[PDB]
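Report on one structure; see the data block that follows.
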Amino acid sequence: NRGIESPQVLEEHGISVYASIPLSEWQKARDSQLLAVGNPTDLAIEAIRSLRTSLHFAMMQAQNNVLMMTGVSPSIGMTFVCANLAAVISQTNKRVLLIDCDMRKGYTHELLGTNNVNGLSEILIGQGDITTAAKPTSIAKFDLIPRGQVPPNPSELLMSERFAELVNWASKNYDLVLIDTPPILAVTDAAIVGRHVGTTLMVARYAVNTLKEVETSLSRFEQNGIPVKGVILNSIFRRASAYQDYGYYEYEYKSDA
Amino acid sequence: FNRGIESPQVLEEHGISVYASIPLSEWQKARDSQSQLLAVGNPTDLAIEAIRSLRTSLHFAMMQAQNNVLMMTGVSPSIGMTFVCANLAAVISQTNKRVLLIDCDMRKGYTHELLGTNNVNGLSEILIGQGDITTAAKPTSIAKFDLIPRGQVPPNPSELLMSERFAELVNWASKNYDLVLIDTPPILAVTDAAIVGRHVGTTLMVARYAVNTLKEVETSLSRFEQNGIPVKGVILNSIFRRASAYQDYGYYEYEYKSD
Amino acid sequence: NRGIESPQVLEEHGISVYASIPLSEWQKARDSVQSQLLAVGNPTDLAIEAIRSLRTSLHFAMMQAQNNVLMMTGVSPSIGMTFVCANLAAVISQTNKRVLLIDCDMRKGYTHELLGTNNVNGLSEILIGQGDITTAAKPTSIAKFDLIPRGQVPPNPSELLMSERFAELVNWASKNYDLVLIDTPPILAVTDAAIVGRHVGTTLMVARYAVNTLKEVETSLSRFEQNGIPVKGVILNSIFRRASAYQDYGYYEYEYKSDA
Amino acid sequence: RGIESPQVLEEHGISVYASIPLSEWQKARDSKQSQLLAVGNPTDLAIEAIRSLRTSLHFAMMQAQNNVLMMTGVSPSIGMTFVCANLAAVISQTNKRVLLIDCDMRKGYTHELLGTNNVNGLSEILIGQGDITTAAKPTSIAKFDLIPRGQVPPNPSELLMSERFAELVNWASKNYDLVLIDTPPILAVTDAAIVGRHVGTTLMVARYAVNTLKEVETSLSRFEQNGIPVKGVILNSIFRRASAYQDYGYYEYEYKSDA
Amino acid sequence: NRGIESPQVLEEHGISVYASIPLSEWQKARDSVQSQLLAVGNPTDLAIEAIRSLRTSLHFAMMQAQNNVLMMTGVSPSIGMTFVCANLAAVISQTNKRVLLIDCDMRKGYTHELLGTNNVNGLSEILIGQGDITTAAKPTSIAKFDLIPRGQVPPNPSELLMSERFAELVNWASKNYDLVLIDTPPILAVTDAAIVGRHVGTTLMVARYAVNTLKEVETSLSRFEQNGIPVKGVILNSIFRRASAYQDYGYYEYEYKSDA
Amino acid sequence: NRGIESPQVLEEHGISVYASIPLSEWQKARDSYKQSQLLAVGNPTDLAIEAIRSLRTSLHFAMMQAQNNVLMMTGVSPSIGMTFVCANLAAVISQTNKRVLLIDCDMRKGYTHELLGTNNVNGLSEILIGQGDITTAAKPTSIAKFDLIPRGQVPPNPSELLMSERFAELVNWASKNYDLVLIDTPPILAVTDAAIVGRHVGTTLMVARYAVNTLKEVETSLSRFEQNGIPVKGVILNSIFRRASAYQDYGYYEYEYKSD
Amino acid sequence: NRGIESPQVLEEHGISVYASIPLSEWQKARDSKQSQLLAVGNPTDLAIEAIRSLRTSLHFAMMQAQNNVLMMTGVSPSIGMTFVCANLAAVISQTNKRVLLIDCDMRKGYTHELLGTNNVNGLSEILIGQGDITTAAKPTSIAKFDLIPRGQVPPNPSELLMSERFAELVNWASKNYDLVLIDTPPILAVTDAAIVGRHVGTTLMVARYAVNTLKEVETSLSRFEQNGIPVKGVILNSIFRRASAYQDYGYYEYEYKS
Ligand SMILES: Nc1ncnc2c1ncn2[C@@H]1O[C@H](COP(=O)(O)OP(=O)(O)O)[C@@H](O)[C@H]1O
Ligand SMILES: Nc1ncnc2c1ncn2[C@@H]1O[C@H](COP(=O)(O)OP(=O)(O)O)[C@@H](O)[C@H]1O
Ligand SMILES: Nc1ncnc2c1ncn2[C@@H]1O[C@H](COP(=O)(O)OP(=O)(O)O)[C@@H](O)[C@H]1O
Ligand SMILES: Nc1ncnc2c1ncn2[C@@H]1O[C@H](COP(=O)(O)OP(=O)(O)O)[C@@H](O)[C@H]1O
Ligand SMILES: Nc1ncnc2c1ncn2[C@@H]1O[C@H](COP(=O)(O)OP(=O)(O)O)[C@@H](O)[C@H]1O
Ligand SMILES: Nc1ncnc2c1ncn2[C@@H]1O[C@H](COP(=O)(O)OP(=O)(O)O)[C@@H](O)[C@H]1O
Ligand SMILES: Nc1ncnc2c1ncn2[C@@H]1O[C@H](COP(=O)(O)OP(=O)(O)O)[C@@H](O)[C@H]1O
Ligand SMILES: [Ca+2]
Ligand SMILES: [Ca+2]
Ligand SMILES: [Ca+2]
Ligand SMILES: [Ca+2]
Ligand SMILES: [Ca+2]
Ligand SMILES: [Ca+2]
Ligand SMILES: [Ca+2]
């Protein structure tokens with residue numbers, strides 16, 4: 001039980017790997033901005049496009065257009081996968097709303113070219129109407145409700161009836177609703193949010209998160225009655241390149257002119 | 001084994017569900033070197049964040065359990081069942097819920113000292129007849145959080161809990177509050193908890209990290225089963241890290257400091 | 001199979017351990033001088049606290065049984081079945097219930113000496129036809145706790161318990177009282193307990209800690225099972241602490257002394 | 001080899017109904033009995049064991065819905081007459097009218113042992129020279145009657161085969177509280193298997209370190225072959241080997257009464 | 001395998017041993033000069049006591065089957081199937097019952113010699129044409145014991161038993177007698193017994209101790225089941241002990257001397 | 001793991017191999033990258049074409065159990081022969097006097113228009129955007145009852161175009177207007193495209209290259225489909241070659257049945 | 001799996017061996033493609049006696065099926081499926097039954113040659129549309145035995161068998177004849193048999209002794225089941241003796257003449 005080296009490791013333990021997102025060297029370079037826009041040919045984006053296809057089917061089964069993105073631990077890319085997925089879904093001619101439920105460390109507004117004025121934090125206490133809430137981002141058909149000002153009681157705010165009101169509104173007013181949450185192993189927040197969502201997906205970093213960590217995470221959700229559809233393996237990289245193997249294998253399918 | 005529980009997995013594999021894993025707070029242990037309530041004193045604390053996780057687990061667990069009364073019992077003395085209990089009720093009140101804590105430890109109980117309440121006409125006096133059930137509840141330094149302290153130490157604690165006056169009080173509390181939390185003495189020390197357990201809808205057991213043994217936990221659970229008291233799970237209190245690369249081998253606790 | 005060292009030993013064999021009574025050093029001191037109840041003399045004692053635990057599990061098991069008569073029998077002599085019996089009745093009386101103890105040990109019974117009563121018109125006299133069943137019960141030094149002592153030692157104890165006059169007394173005792181406790185001689189010594197067991201609703205058996213063997217316990221139970229008397233469980237008396245890491249091994253005992 | 005424990009038989013699906021110790025008083029007062037131990041030494045552990053057998057018997061007969069009991073043994077001189085006579089004696093002491101029929105028309109001596117004449121006994125009754133009602137003779141023990149063997153016939157097995165035998169047992173059953181039939185050993189003569197057809201409960205005696213498990217199994221086979229159910233086995237003449245804290249198979253406690 | 005050494009050997013393989021007849025030294029002596037029949041000559045003999053045990057087993061087995069006809073067969077020749085048969089009938093007549101023995105061994109058969117009867121108009125004659133089924137039975141030296149001897153040796157014994165005249169005789173015998181015993185030749189030598197077996201209600205098989213093998217016994221039982229003839233059990237004849245002990249293995253002889 | 005060396009390898013893992021296409025030495029020669037010409041036309045006697053004829057026979061039965069005349073041809077990885085198998089299959093199906101339409105859904109690297117002899121004007125790309133009517137779409141190829149809708153001009157959003165309701169409608173039209181519809185798609189392990197297309201098809205078949213694709217690769221591919229509710233009928237093993245010639249054995253065996 | 005040397009090998013793998021045809025030394029000698037039909041040339045031959053056993057097995061096997069059409073297919077080429085087929089039909093006609101043999105091997109068929117028939121207007125032609133069904137049938141050198149030969153080699157045999165005209169012919173043949181036998185090319189070489197199999201009531205597979213292996217039989221049955229064609233069993237052709245003993249091992253045969 002070390003850092004997950006293969007999607008098969010968790011697949012064999014009855015944990016379905018919904019997507020295996022490679023490490024984008026373009027993003028890695030820029031970090032030292034939205035990739036779906038910056039470099040749309042990227043294998044990470046092509047993997048997120050696969051995730052969108054898997055989701056469409058998985059959400060027709062759930063019949064609820066709300067989806068939660070949670071992670072195992074902090075800084076594994078759950079905000080990266082979430083923002084880029086919403087971006088890719090909007091490109092399918094669908095009105096997408098992203099709710100940044102990370103009222104502790106959320107920075108969607110910054111990443112999506114939006115102000116943090118009258119965000120989720122404000123909406124939840126009362127100050128700020130639910131209908132007005134949504135803010136347009138640098139991407140067409142993609143709107144965002146940022147975290148708002150950092151509250152002293154994030155978990156307690158999500159516990160309110162005002163949160164269920166907002167999610168219900170969002171569900172009615174948008175084609176798809178994505179909720180970015182803080183990691184389950186750090187704070188309870190995601191479990192609280194999970195009560196209102198129809199589909200839950202969990203991010204795990206490639207050679208970093210352990211099978212025990214993943215199992216513990218999924219346990220916390222079950223314990224609170226939240227079904228998790230599957231796991232997303234982010235920041236995967238090639239090791240033993242053979243004829244593309246080690247469980248990963250990804251092909252450069254470059255279009256013609 | 002017959003050695004201190006080193007992992008939640010140890011008791012999970014033996015068919016004992018670990019509902020929460022509370023870390024050892026240094027703020028408490030240092031500001032105790034029991035003193036100040038952590039949930040108020042230091043609300044950012046990892047122990048409080050873990051207790052908030054327990055609150056989330058509880059909400060779901062009792063919906064099916066059906067009875068807003070919850071009992072908190074422990075394996076042995078000084079493991080932190082009063083700490084978990086008081087701090088849980090504090091965190092539940094912060095959810096805009098009417099929380100009543102009943103201190104059933106009429107032997108060593110001190111919740112009234114913790115929560116800033118007098119011990120006049122407590123459980124002891126209100127169980128002997130000396131006080132009225134409706135008047136009983138006392139407001140604490142925390143909003144939406146009320147307490148019925150132990151009262152004066154009686155010569156017959158187990159015998160008082162055995163009375164019909166106890167069932168009357170719990171029934172009242174259930175009707176008058178959103179949630180009822182009952183702090184009891186450890187099961188392995190005194191029978192008290194097994195008497196109280198008859199009136200509760202959900203029972204949770206605290207066990208200290210590298211201190212309580214699997215045999216101790218197994219024995220405790222047996223005493224409850226023997227008295228027809230179902231235990232929903234176990235809470236692992238005072239957990240500490242033993243590693244330092246990709247948090248943290250057997251147990252993991254991440255600090256997600258707000259901006 | 002050598003002295004029982006753990007409740008788990010017999011637990012694993014199907015034998016339910018209902019209570020594990022520690023060795024009271026207070027009682028040990030007061031004997032080395034039985035005489036005078038421990039439940040009264042030193043009520044804070046761990047043995048009494050263990051006895052209180054037994055009362056709690058008792059309440060449940062007897063509600064299920066549908067009868068208020070409970071027999072206390074042992075495996076062998078001098079294991080503490082009279083000790084557990086008298087102290088349990090004492091502790092049950094403290095629960096605000098009208099409780100009666102019948103001393104069915106017409107051979108070596110001495111409850112009358114323990115509880116402070118005369119032996120006049122004792123069980124012996126009642127069974128022969130001399131004394132009236134309604135008058136029988138005698139008040140003890142403990143409130144809401146009554147006793148029918150053994151009487152003068154008869155030549156035919158087993159034969160007296162075999163009479164219809166015994167069933168009549170137990171029947172009366174069951175009516176009139178909230179709980180009926182019957183102290184009997186050990187099953188492995190004399191047949192007496194197996195005769196008494198026909199009239200009872202819940203049967204409990206005492207076994208001494210590092211003294212009685214699993215084979216002894218199994219044999220005891222087989223005698224009852226052969227006479228159609230179901231035994232609810234076993235009580236492990238005179239348990240003593242051996243280890244000192246995480247309190248103990250087997251049964252760990254905590255000294256929960258009250259505040260102010 | 002000789003059955004060293006009750007557990008040996010019990011593990012082979014043979015229930016041990018009682019374990020009668022060796023009577024130190026009876027061996028002394030033999031050095032064919034002829035004193036009944038139940039009378040001469042009533043405190044004896046062998047009798048206390050026979051009293052336990054009486055307790056097992058009632059209930060096992062007040063569930064069989066029959067008052068007739070047969071006592072048979074594996075081999076000669078194991079104590080089946082000893083257990084039988086002493087058991088009847090102990091049952092009569094329970095204020096019950098007991099009849100003992102001595103079906104050992106070969107070597108029977110109950111009349112010598114219980115102080116009765118052998119005039120117009122079982123032998124005579126079956127030949128058709130003596131009335132079934134008149135039959136019963138009072139013994140030296142109150143409420144205890146006996147039908148002795150009578151004069152030794154040339155055809156014992158043939159006489160028990162008669163309808164006169166079934167008539168007598170039926171009469172005995174109607175008149176008396178309990179009917180005990182002492183018979184010769186099954187492994188020696190067929191007699192017991194003939195008698196067994198009229199009894200409601202059958203018990204088999206086996207001598208402690210003498211009779212073998214094979215002998216017991218063979219005996220039980222002969223009965224089931226003749227449709228006679230055997231309720232259990234009685235281990236007679238048991239002795240203590242090493243002291244320890246009661247030892248190997250059997251257990252003995254000297255619970256002597258006060259003055 | 002080997003000559004059977006224990007009744008348990010048979011019983012282990014599922015073969016019920018109905019009786020274990022010891023070797024009669026009295027017979028052995030009166031043959032080394034059969035004889036003037038053991039049941040009469042020496043009635044106290046252990047062999048006769050064993051045959052009496054067989055009679056007790058039979059009474060239950062036959063009145064359980066509701067048919068008074070019994071066949072006695074054997075595994076191989078000269079094992080004592082005629083010895084066990086004649087002596088059993090003798091012992092059954094002593095129970096005040098009218099017994100008829102039919103000698104179905106029409107090749108070798110010698111009961112009329114042993115029971116002092118003439119061989120005029122025997123089974124052979126009855127089966128061919130006439131001798132009159134009703135007249136057939138002849139009185140033996142033993143009261144309540146009648147015999148139909150083999151008759152003159154026919155050239156077709158198996159063929160005669162195959163006739164409807166045989167079934168007629170057995171049916172008559174069943175109606176006119178309390179018990180019918182049919183002595184047959186060994187199954188492993190001739191088919192005769194399997195033909196006779198169709199008309200009988202109970203079948204018993206004799207096997208010589210230390211001589212007949214388990215394979216022989218199994219083969220014999222197979223031939224019967226192949227012909228739908230149920231065999232109750234096996235009789236172990238000519239048993240002897242291999243020096244005392246506790247009496248073991250399998251065989252135990254207890255002399256139970258009458259005294260007057 | 002290592003490249004699949006036997007159809008049995010997959011078969012033992014519960015993956016039904018539907019066809020085992022040999023390596024066309026004729027095709028390998030004419031190629032010298034991309035497929036030079038249609039082998040079904042170029043060399044119709046070729047063992048690869050005979051194997052594709054076997055696939056057609058398997059399909060006829062399998063397609064009609066499904067009731068839907070639309071079939072998708074997807075592969076594990078690029079350059080394994082899924083376009084080769086697809087085009088050649090449709091060619092051999094048209095030879096069965098059936099109206100076949102091939103839709104090249106590879107709007108990234110598609111070249112069916114080059115291979116079949118068609119212009120790329122107003123292709124799938126254009127149709128999906130609006131720049132073409134669905135009912136005009138189909139283009140006749142160099143082969144008889146065989147029509148093709150080529151990729152069209154390379155769009156910047158291929159997966160997004162297949163996601164449209166305009167795609168669903170084209171497939172529905174094609175199904176109504178043709179005897180059967182074959183859809184060539186890009187590899188599943190490279191791009192999501194095939195999983196989008198799979199929603200509209202009635203039968204899905206997957207190509208895997210002989211000693212190249214691994215069992216892990218095949219299992220991963222099949223997982224992606226089931227995750228999107230796309231049932232895969234089986235796997236096609238393309239480019240199989242011999243190592244032996246003993247009795248033709250060691251996984252695969254193919255016979256040179258030359259006509260007279 | 002090193003070339004079936006026993007009927008038991010197959011039997012143990014749940015594949016029923018319907019017949020075990022020995023190697024005819026008369027035929028082996030006459031062949032130095034089969035020269036002429038053995039059931040006529042040497043009727044006493046053990047191979048023909050084995051084929052008579054196969055006829056007895058089929059009678060029962062075909063009552064079960066209800067359809068009088070039977071297909072003979074093989075694992076690989078030159079194993080004797082044409083030999084078994086022609087000789088079986090010959091032996092069935094000798095049971096005074098009207099037998100029709102259809103040569104579905106439009107690739108390498110030669111039944112017209114060995115049976116003494118012209119190849120004018122064969123199956124190839126009939127399928128093409130030119131040539132009437134009711135005329136198709138040609139009498140052979142054997143009484144009650146008719147044949148419809150392959151015709152001239154077509155460029156599309158698998159495609160011709162795929163036609164509705166084939167189903168029409170089989171249906172006619174069934175309605176008119178007592179028994180219909182269809183000789184096909186090997187399943188492991190060409191798809192032809194799997195196409196034909198849809199119209200037949202009973203399918204039997206030939207496998208050569210010492211040759212053909214167990215994996216070949218396995219993959220041969222697999223291909224049929226994949227196309228919903230039930231195979232009743234396997235025929236082991238060209239079996240030969242190994243020992244010169246006193247009776248055994250896999251096979252054992254006796255010369256039962258006067
Ligand atoms: N697949 C990836 N390839 C390259 N960089 C990545 C990838 N996933 C995440 N990152 C980077 O990792 C960092 C943390 O990602 P983030 O979405 O903020 O994590 P989290 O939501 O878990 O707190 C960012 O700088 C992000 O660009
Ligand atoms: N998770 C924790 N971190 C730090 N100190 C703790 C923790 N839990 C309990 N304690 C400390 O343990 C001591 C006793 O706790 P208490 O609640 O009185 O135990 P109990 O009721 O189980 O007898 C106090 O010093 C309390 O602050
Ligand atoms: N748990 C105990 N601790 C101390 N002394 C005990 C305990 N149990 C029994 N004893 C002592 O053991 C002795 C015998 O007990 P008793 O009740 O008379 O036994 P029994 O009825 O089984 O013959 C008494 O002196 C009693 O005080
Ligand atoms: N438990 C016993 N203790 C002492 N002597 C015994 C015991 N059982 C039997 N005996 C003696 O054994 C002898 C034979 O007993 P008996 O009843 O006559 O045997 P059986 O009926 O088997 O013939 C007698 O002398 C009897 O007193
Ligand atoms: N148990 C026995 N003891 C002594 N002799 C016996 C015994 N059984 C049989 N015999 C003798 O064996 C001989 C053959 O017996 P028999 O009944 O004639 O055998 P079978 O009917 O098998 O031919 C006779 O002389 C008989 O007396
Ligand atoms: N069985 C085969 N035998 C010979 N060449 C083949 C075979 N299968 C595929 N090829 C060749 O492989 C190359 C790639 O095939 P292609 O159909 O374009 O693959 P894909 O669509 O999987 O990317 C072409 O040159 C094709 O002719
Ligand atoms: N059992 C046999 N004994 C001797 N020769 C045989 C046997 N079976 C087949 N042959 C010969 O071997 C060849 C097998 O080819 P054939 O019967 O035409 O069928 P196919 O080639 O279709 O498998 C023929 O030449 C035939 O004479
Ligand atoms: Ca984040
Ligand atoms: Ca406490
Ligand atoms: Ca006592
Ligand atoms: Ca006797
Ligand atoms: Ca004979
Ligand atoms: Ca392609
Ligand atoms: Ca051919």
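Naming works like this for the structure tokens: A, B, ... for the chains as they're shown, residue 1 at the start of each chain, ligands 1 onward in shown order.
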
Where does chain B meet ligand 9 within 6 Å, residue by residue, with the nearest atom pair and distance in Å to one decimal for each, counting only C-alpha atoms and all ligand atoms, listed by chain and rising number, as a tab-separated table?
residue	atom	partner	partner_atom_place_in_ligand_line	distance
B:81	CA	ligand 9	1 (Ca)	5.9
B:82	CA	ligand 9	1 (Ca)	4.6
B:109	CA	ligand 9	1 (Ca)	5.8
B:185	CA	ligand 9	1 (Ca)	5.4

Just write the chosen residues, N, CA and C atoms, as a compact mmCIF listing (two decimals), in the first residue's frame.
# COMPACT_ATOMS: atom_id res chain seq x y z
N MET B 81 -14.23 10.69 26.68
CA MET B 81 -15.65 10.60 26.28
C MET B 81 -16.43 11.86 26.62
N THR B 82 -16.05 12.58 27.71
CA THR B 82 -16.68 13.84 28.12
C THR B 82 -16.23 14.93 27.15
N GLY B 109 -18.78 13.24 37.28
CA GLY B 109 -19.21 14.26 36.32
C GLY B 109 -18.79 15.68 36.64
N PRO B 185 -20.59 7.32 32.52
CA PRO B 185 -19.26 6.84 32.95
C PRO B 185 -18.82 5.62 32.10

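Using only C-alpha atoms and all ligand atoms as the basis for the distance check, residues found within 6 Å of ligand 8 are residues 78, 79, 106 and 182 of chain A.
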
Dump N, CA, C and O atoms for the selected residues as a PDB file, in the first residue's frame?
ATOM      1  N   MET A  78      -8.088  18.488  -7.993  1.00  0.00           N
ATOM      2  CA  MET A  78      -9.558  18.393  -8.120  1.00  0.00           C
ATOM      3  C   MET A  78     -10.209  19.648  -8.693  1.00  0.00           C
ATOM      4  O   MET A  78     -11.205  19.526  -9.401  1.00  0.00           O
ATOM      5  N   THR A  79      -9.624  20.841  -8.420  1.00  0.00           N
ATOM      6  CA  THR A  79     -10.103  22.126  -8.950  1.00  0.00           C
ATOM      7  C   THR A  79      -9.738  22.183 -10.441  1.00  0.00           C
ATOM      8  O   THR A  79     -10.561  22.632 -11.247  1.00  0.00           O
ATOM      9  N   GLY A 106     -10.783  28.156  -1.723  1.00  0.00           N
ATOM     10  CA  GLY A 106     -11.256  28.368  -3.094  1.00  0.00           C
ATOM     11  C   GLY A 106     -10.660  29.558  -3.823  1.00  0.00           C
ATOM     12  O   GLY A 106     -10.470  30.617  -3.220  1.00  0.00           O
ATOM     13  N   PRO A 182     -13.752  20.957  -1.040  1.00  0.00           N
ATOM     14  CA  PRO A 182     -12.418  20.687  -0.473  1.00  0.00           C
ATOM     15  C   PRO A 182     -12.189  19.169  -0.297  1.00  0.00           C
ATOM     16  O   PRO A 182     -13.177  18.413  -0.335  1.00  0.00           O
TER      17      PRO A 182
END

Legend entry - residue C:178 environment, 7 Å, only C-alpha atoms, sequence neighbours closer than 4 positions dropped, as a PyMOL selection string: chain C and resi 68+97-99

Those residues with N, CA, C and O atoms, as a CSV table (one decimal), in the first residue's frame please?
chain,number,residue,atom,x,y,z
C,68,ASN,N,-40.7,-14.8,37.8
C,68,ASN,CA,-39.8,-13.9,38.7
C,68,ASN,C,-39.0,-14.7,39.7
C,68,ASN,O,-38.3,-14.1,40.6
C,97,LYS,N,-37.8,-2.9,45.2
C,97,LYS,CA,-38.6,-4.1,44.8
C,97,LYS,C,-38.7,-5.0,46.0
C,97,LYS,O,-37.8,-5.1,46.8
C,98,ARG,N,-39.9,-5.6,46.2
C,98,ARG,CA,-40.1,-6.6,47.3
C,98,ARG,C,-39.4,-7.9,46.9
C,98,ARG,O,-39.9,-8.6,46.0
C,99,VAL,N,-38.3,-8.2,47.5
C,99,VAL,CA,-37.5,-9.4,47.2
C,99,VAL,C,-37.4,-10.4,48.3
C,99,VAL,O,-37.3,-10.1,49.5

Inset, instruction - Compare E:219, E:212, E:64, E:95 by their minimum atom-to-atom distance to chain D, counting only C-alpha atoms, and give me the closest one. - result: E:95

Inset, instruction - Can you list, as a VMD selection string, all residues belonging to stretch 82-213 of chain F that DSSP tags as helix (DSSP H, G or I)? - result: chain F and resid 82 to 94 112 to 116 124 to 129 158 to 162 165 to 177 193 to 197

If you count only C-alpha atoms and all ligand atoms, which residues end up within 8 Å of ligand 12, as an mmCIF file with N, CA and C atoms, in the first residue's frame?
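So the final result, stored in pocket.cif, reads:
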data_model
loop_
_atom_site.group_PDB
_atom_site.id
_atom_site.type_symbol
_atom_site.label_atom_id
_atom_site.label_comp_id
_atom_site.auth_asym_id
_atom_site.auth_seq_id
_atom_site.Cartn_x
_atom_site.Cartn_y
_atom_site.Cartn_z
ATOM 1 N N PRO E 77 -21.207 -73.992 1.701
ATOM 2 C CA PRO E 77 -21.603 -75.227 2.402
ATOM 3 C C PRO E 77 -20.798 -75.491 3.680
ATOM 4 N N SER E 78 -21.422 -76.259 4.610
ATOM 5 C CA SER E 78 -20.907 -76.673 5.910
ATOM 6 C C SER E 78 -20.425 -75.529 6.813
ATOM 7 N N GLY E 80 -23.038 -74.331 9.061
ATOM 8 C CA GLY E 80 -24.017 -74.555 10.115
ATOM 9 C C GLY E 80 -25.400 -73.968 9.886
ATOM 10 N N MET E 81 -25.800 -73.683 8.614
ATOM 11 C CA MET E 81 -27.127 -73.099 8.321
ATOM 12 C C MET E 81 -28.303 -74.006 8.672
ATOM 13 N N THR E 82 -28.086 -75.341 8.643
ATOM 14 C CA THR E 82 -29.074 -76.365 9.012
ATOM 15 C C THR E 82 -29.091 -76.452 10.545
ATOM 16 N N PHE E 83 -27.892 -76.360 11.182
ATOM 17 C CA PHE E 83 -27.699 -76.370 12.639
ATOM 18 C C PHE E 83 -28.471 -75.218 13.289
ATOM 19 N N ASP E 105 -33.451 -77.994 0.775
ATOM 20 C CA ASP E 105 -32.207 -78.507 0.269
ATOM 21 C C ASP E 105 -32.516 -79.906 -0.252
ATOM 22 N N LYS E 108 -28.486 -83.179 -0.860
ATOM 23 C CA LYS E 108 -27.734 -83.166 0.430
ATOM 24 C C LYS E 108 -28.619 -83.160 1.734
ATOM 25 N N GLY E 109 -29.766 -82.437 1.717
ATOM 26 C CA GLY E 109 -30.723 -82.294 2.824
ATOM 27 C C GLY E 109 -30.844 -83.505 3.729
ATOM 28 N N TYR E 110 -30.697 -83.313 5.071
ATOM 29 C CA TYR E 110 -30.674 -84.411 6.054
ATOM 30 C C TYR E 110 -31.424 -84.183 7.378
ATOM 31 N N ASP E 183 -35.229 -74.045 5.477
ATOM 32 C CA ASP E 183 -33.788 -74.293 5.400
ATOM 33 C C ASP E 183 -33.455 -74.447 3.919
ATOM 34 N N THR E 184 -32.520 -73.623 3.410
ATOM 35 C CA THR E 184 -32.125 -73.616 2.001
ATOM 36 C C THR E 184 -30.622 -73.995 1.792
ATOM 37 N N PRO E 185 -30.174 -74.409 0.580
ATOM 38 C CA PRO E 185 -28.733 -74.634 0.369
ATOM 39 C C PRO E 185 -27.967 -73.293 0.267
ATOM 40 N N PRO E 186 -26.606 -73.264 0.373
ATOM 41 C CA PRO E 186 -25.889 -71.969 0.332
ATOM 42 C C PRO E 186 -26.042 -71.208 -0.972
#

Legend entry - Expected answer as a count of residues only: residues within 10 Å of ligand 1, only C-alpha atoms and all ligand atoms: 58

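Among all protein and nucleic acid residues, the ones that lie within 7 Å of ligand 6 when counting only C-alpha atoms and all ligand atoms are residues 21, 22, 23, 24, 25, 27, 28, 31, 33, 34, 35, 36, 48, 75, 77, 78, 79, 80, 81, 82, 83, 84, 85, 186, 238 and 239 of chain F.
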
Legend entry - For residue C:156: contacts at 10 Å, only C-alpha atoms, fewer than 5 positions along chain excluded, given as a list in words: residues 106, 107, 124, 161 and 162 of chain C; 42, 43, 93 and 94 of chain D
